[PDB]
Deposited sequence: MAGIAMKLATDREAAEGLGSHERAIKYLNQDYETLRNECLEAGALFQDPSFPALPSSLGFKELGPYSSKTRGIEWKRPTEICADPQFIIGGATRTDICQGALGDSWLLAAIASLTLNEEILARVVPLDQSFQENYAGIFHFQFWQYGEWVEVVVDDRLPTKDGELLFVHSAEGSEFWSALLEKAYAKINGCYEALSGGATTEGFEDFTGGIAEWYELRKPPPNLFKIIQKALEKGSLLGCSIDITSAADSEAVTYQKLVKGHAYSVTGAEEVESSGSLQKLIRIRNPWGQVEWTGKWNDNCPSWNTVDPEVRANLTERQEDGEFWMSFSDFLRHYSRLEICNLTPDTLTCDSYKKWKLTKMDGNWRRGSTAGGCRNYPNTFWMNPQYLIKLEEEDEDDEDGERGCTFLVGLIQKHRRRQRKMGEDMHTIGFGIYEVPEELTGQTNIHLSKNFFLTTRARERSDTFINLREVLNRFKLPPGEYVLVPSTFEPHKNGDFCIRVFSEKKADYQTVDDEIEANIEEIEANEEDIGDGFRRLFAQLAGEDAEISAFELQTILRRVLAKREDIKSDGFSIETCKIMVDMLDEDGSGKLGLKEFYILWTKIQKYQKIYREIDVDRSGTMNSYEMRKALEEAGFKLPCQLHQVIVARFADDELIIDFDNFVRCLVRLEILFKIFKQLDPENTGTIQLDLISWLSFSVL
């Protein structure tokens, strides 16, 4: 925990940890290890971090003491089938079904998977079985808000009267499907979490793709071309009718307008009018693959970019153009296209792209699609942009919000947010586009420009007597001597610098190396302090004795500093009180450490490499002193 952790993880991700080739070991569990361990011991696997107990079932509908979970017998594949198989190839259809417990969104998600190898495999390692190095363990790979996470489960599946209570094929022989659902429950905390699920989400987590989705009631014009264009790129589509069986869409050719409709629980597809479509089905869901999903040598893929961000109450949580005091404070991004979508009818000048903003897991989300803020973004045509900032709107409260665009080449700025300001969250924005697009972050570069005041001859003759008559016997003031004095020029706006502050004050300007302030140094302090009161003065437009969090950005700039949004979050989280207020004592204390923390760096970094190198000892000293 703490910052040093996120930083290590961050560095790890930048080395590829969390990419499909190097997925994150969920809970730090590794499949090969634990498997081998169980093999050396001639035991079958028993997962400690999601045992065959109530825990893994539910907390409310599927809770402990709940009758629905009373008298479940967890049993392993060998104990409900003579010959358990992981997966059979040839698969031309599906017969998965749901047990008496267990949401039916899994049907369609799993059904989509069983009709593309390259897909399935991306989430279900094929090298797996009951006949090879079997030890009652399996493993899967899910996509999680932008990165991949490998989850491991022991095979015991839940059953009442020897009937599987969840996802399970009707034949009764192939176990992979039931075992995938077990691991997905796992990374969501328990089966019951999967209760209200959406198929686009879990299908998103089974693929790494992005779901684009249309209430047929109110289709857009140009849909058929969208249908057709997805099928070329390779996207799984899925349609159905609202109360309820899921079908997909496998083709979309003119002759007339006509799209072919498959049903995986059949062995096969069938033609139907696009117009009849519109009329028999009520949803259409499209799921666009990342370009590294299929290895089709020229299948034309999406070009993908993604980035990660945060909102934090007090600094970065602004959002919605409805709130112009703060909207500009959200984190900003620049999307810049070049090759317009190539010609055919359309209309131009069309670089086509998908924008997705997904919201990362919050610590109270016990179940799918619950406690999901309202989120949204703006795009704008052409340093952090100010208040003087092309579709925007459509601010839904789903886990992911998405909008398809086609806009002229050039530069655009994306600003994602929540609808009302002040809500903490993380997010990932991905952009899939026809041609190479570019992404860059736009924010203030880090910059400490502090005016080098001084001291030169003169120095108030009043100054002079003043410090001597204050230093006492040594002609030096301590953080303490200093403490009380300032408390005097102070109470007579504020109730004194705290004692910690005082101390850092002294740390900054000591240099004598002695813990005490000479005459010259106590005049620098004093001028900086006066400088801090000025700045603090103006920001306190409202002349309230206090400053709101949201104003530090600006404050800090007048004090000669420019930071990026994450450093801004760290200041308000560390220097403000609930209610987003920063007292005058905090404020300067902040600004002093920040001056010191930059100094130490440029000095250890005199050639400006952009990085400094420290050994425990030197770390402990600088870092605390």
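In this chain, the deposited residues that lack C-alpha positions fall in the ranges 1, 245-260, 273-278, 291-321, 437-448, 456-459, 524, 564-567.
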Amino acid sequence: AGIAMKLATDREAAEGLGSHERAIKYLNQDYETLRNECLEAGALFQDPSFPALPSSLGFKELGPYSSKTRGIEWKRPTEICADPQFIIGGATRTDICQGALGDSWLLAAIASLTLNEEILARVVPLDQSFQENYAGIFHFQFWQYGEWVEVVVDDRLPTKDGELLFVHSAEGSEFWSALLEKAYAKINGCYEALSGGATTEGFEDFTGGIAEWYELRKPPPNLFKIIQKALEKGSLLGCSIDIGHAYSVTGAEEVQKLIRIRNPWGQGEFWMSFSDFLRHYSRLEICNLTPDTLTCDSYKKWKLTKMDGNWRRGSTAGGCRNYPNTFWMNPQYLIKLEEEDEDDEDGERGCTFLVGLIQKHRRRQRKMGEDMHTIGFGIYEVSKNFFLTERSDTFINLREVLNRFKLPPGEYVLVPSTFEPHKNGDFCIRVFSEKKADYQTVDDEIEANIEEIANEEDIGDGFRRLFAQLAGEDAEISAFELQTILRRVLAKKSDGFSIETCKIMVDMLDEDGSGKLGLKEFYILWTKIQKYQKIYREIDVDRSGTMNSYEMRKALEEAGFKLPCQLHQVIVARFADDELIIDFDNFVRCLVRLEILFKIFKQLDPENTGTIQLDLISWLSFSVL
From here on, numbers count along this sequence of modelled residues.
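Annotation for 139-147 versus 284-292: the higher mean temperature factor (C-alpha) is found in 284-292.
Just going by the entry, 563-571 versus 61-69 on mean CA temperature factor gives the higher value to 61-69.
Of the candidates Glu447, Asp512, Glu192, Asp507, the PDB record gives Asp512 the highest C-alpha temperature factor. The top Cα temperature factor in the record, among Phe419, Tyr439, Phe427, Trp105, falls on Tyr439. Ranked within its chain, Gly378 lands in the lowest third, by CA B factor from the PDB record. In the deposited entry, the Cα temperature factor of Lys516 sits in the top third of values across the chain's modelled residues. Split the chain's modelled residues into thirds by C-alpha temperature factor. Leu180 is in the lowest one. In the deposited entry, the Cα temperature factor of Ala317 sits in the bottom third of values across the chain's modelled residues. Residue-level temperature factors show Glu452 in the lowest third of its chain, judged at the C-alpha atom.
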